[PDB]
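Reviewing the structure listed below.
There are 2 protein chains.
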Amino acid sequence: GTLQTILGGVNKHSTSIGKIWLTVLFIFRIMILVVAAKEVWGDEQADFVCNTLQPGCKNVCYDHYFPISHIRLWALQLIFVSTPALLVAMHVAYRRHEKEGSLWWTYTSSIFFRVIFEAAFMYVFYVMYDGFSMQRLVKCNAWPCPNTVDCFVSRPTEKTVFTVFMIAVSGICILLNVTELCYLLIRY
Amino acid sequence: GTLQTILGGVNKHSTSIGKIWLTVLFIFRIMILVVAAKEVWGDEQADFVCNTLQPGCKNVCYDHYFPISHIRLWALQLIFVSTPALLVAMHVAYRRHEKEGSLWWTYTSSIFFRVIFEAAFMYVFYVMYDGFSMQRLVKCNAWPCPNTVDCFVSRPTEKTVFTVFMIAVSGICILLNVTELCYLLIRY
């Protein structure tokens with residue numbers, strides 16, 4: 004709808020890599036998250052199965068091993084990497100309404142925050158889920174589960190495929206931002 | 004019925020302790036086993052409850068912790084301590100039909142086997158069940174139970190009360206047999 008119209012304006016104001024490659028990969032990630040990945044995680048808790056009769060053990064074991072869902076993490080990441088661009092668009096429009130360094134300092138800082146947000150969320154993915162591969166079986170001993178209980182994840186393989194996809198694209202977006210930084214560094 | 008009539012005959016052929024005290028304690032144990040204890044163990048497996056959804060885990064955990072039921076052990080013990088008396092009764096009757130040392134050697138050996146059988150079964154009770162107290166909770170990890178499963182025993186306290194009763198009486202029967210041995214030892 005209006006999203007592509009809005010992205011058209013920020014498309015008209017960027018650099019070689021920024022106009023084309025960064026914008027395409029950003030839309031690439033949104034499409035994957037929306038049309039494909041969001042329904043892989045639909046039954047994440049409904050189809051989580053634990054071999055026990057203890058009431059409440061399923062709730063605490065799912066919450067222990069999935070403190071925040073993968074799709075919610077990706078939704079937050081896309082929002083954080085798109086706000087610096089949104090700020091520049093309004094900042095330029097505000098400057099136009101009133102009417129080198131002013132735009133240069135904002136644009137350079139704008140791509141600096143995207144690298145930080147991109148790397149921070151990638152780091153969170155690794156430490157929180159201990160690698161990018163999801164297991165079929167999780168062993169849970171949190172109260173009130175008696176001793177250790179076996180619980181089984183829903184669609185672990187398909188979730189691994191989409192996890193590798195999102196991580197790979199995010200790593201590419203980091204490299205593109207770094208090269209854009211270098212092109213504005215050699216300019217001096 | 005005829006059991007007391009049969010016990011009357013062996014009552015007429017024994018010694019001071021043997022005629023009265025050993026016979027009474029033997030009948031004492033049979034009454035407890037039959038009229039009281041046998042229905043404490045009636046629902047031993049029916050009311051054995053395990054906190055799991057694994058099919059077959061209840062069967063293997065009950066079999067692991069109760070390889071042979073207490074009442075079946077006591078039934079075997081009473082049979083074994085009553086056959087030496089039964090042999091003497093037929094041996095004497097056979098001797099009567101045909102018609129000091131011959132009866133003395135049999136009678137002395139007869140009370141010797143009762144001590145051995147009484148002590149052997151008491152030893153089995155201790156090693157197999159690790160003391161004379163039954164626990165409410167047993168932890169079981171035999172296949173196919175996943176990890177360790179909590180299982181709950183039926184009527185553990187009442188079974189402990191009758192276990193202490195049968196063990197105490199059996200220990201008294203050992204002492205009575207030993208004193209009878211001493212009385213036939215000082216005779217020389």
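Protein chains in written order, with the authors' numbering: chain I, 4 to 102, 129 to 217; chain B, 4 to 102, 129 to 217. All C-beta atoms, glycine included, are put in the ideal place defined by N, C-alpha and C.
Distances from the alpha-carbon of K188 (chain B) to those of B:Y217, B:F154, B:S162 put B:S162 closest. Identification of chain I residues near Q57 (chain B) by a Cβ-Cβ cut-off of 7 Å yields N54, ordered along the chain. Between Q57 (chain B) and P173 (chain B), the beta carbon gap of about 6 Å places them in contact (Cβ cut-off 8 Å). Residue nearest to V52 (chain B) within the set B:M195, B:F181, B:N206 is B:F181 (criterion: CA-CA distance). DSSP, read as helix, strand or coil, puts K168 (chain I) in strand.
Looking at the DSSP output, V52 (chain I) sits in a beta bridge with I:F181.
Put simply, of I:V63, I:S85, I:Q80, I:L6 the residue whose alpha carbon is nearest the alpha carbon of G21 (chain I) is I:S85. In the structure shown, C174 (chain I) falls within a coil segment according to DSSP collapsed to helix, strand and coil. A direct Cα-to-Cα measurement between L205 (chain B) and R75 (chain B) gives close to 25 Å. Excluding its 5 nearest sequence neighbours in each direction, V198 (chain I) has C-beta neighbours in its own chain below 7 Å: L28, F31, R32, listed in chain order. In chain I, no part has a C-beta under 9 Å from the C-beta of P173 (chain B); the shortest such distance is about 11 Å. Selection B:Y65, B:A40, B:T5 evaluated against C169 (chain B) yields B:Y65 as nearest (Cα-Cα). When secondary structure is reduced to three states using DSSP, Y155 (chain B) falls in the helix class.
The beta carbon of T137 (chain I) sits closer than 7 Å to the beta carbons of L213 from its chain, once the five residues preceding and following it are set aside; these are given in chain order. Within the stretch 176–197 of chain B, contact with chain I at the beta-carbon level (separation under 8 Å) is assigned to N176, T177, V178, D179. For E101 (chain I), the uninterrupted alpha helix (DSSP H) run begins and ends at 73–101, by DSSP. When the five nearest sequence neighbours on each side are left out, the beta carbons in the same chain lying within less than 7 Å of the beta carbon of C60 (chain I) are those of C53, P173, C174, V178, in order along the chain. For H67 (chain I) and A171 (chain I), the gap between their C-alpha atoms comes out near 8 Å.
Ranked by Cα distance from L25 (chain I), the first of I:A39, I:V38, I:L10, I:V37 is I:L10. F150 (chain I) is classed as buried because its beta carbon has at least 16 other beta carbons within 10 Å across all chains shown.
When secondary structure is reduced to three states using DSSP, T135 (chain B) falls in the helix class. Listed in chain order, the non-local C-beta contacts of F83 (chain I) below 8 Å within the same chain comprise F146, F150, local neighbours out to five positions each way being set aside.
If you draw a 10 Å sphere on the C-beta of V190 (chain I), you find fewer than 16 other C-beta atoms in it, and that means exposed. Under the DSSP assignment, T26 (chain B) falls in the alpha helix (DSSP H) whose first and last residues are 26–34. When C-alpha distances from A39 (chain B) are compared across B:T135, B:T192, B:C202, B:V207, the shortest belongs to B:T192. Note that the C-beta distance between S139 (chain I) and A96 (chain I) is not below 8 Å.
Considering only B:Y158, B:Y152, B:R98, B:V43, the residue with the shortest C-alpha distance to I203 (chain B) is B:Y152.
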